[PDB]
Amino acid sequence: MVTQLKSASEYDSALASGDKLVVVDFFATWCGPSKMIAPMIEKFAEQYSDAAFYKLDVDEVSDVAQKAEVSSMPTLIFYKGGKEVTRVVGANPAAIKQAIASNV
């Protein structure tokens, strides 16, 4: 399951995990490629249980998206120790899979 982050405080404490790889899918409900990649992120979440998966709606929590310099959706950002390790922009299954494996 991919847990939706509905606010800044929820986003911040998701990041405040520590050591555990955290992945956030920055999405928009109106976005074709976002809708496309969603069932796929659920599948990556089932596969890599050593990593915690989240989704954030860029129009609902816009200040979070702006701070992360997300200017495109989907953008998946990969965090460790509360800090970004890498990001993958676009509906790119291979790149997302690889970003998880090498950082999990």
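Just count from 1 along the sequence shown to find any residue number.
- Higher average CA B factor: 49 to 57, of the stretches 26 to 34 and 49 to 57.
- The stretch with the higher mean CA B factor, choosing between 40 to 48 and 60 to 68, is 40 to 48.
- In the deposited entry, the Cα temperature factor of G18 places it in the highest third of its chain's modelled residues.
- For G90, the recorded CA B-factor ranks within the lowest third of the chain. Only modelled residues enter the ranking.
- Among the modelled residues of its chain, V2 has a C-alpha B-factor that falls in the middle third according to the deposited record.
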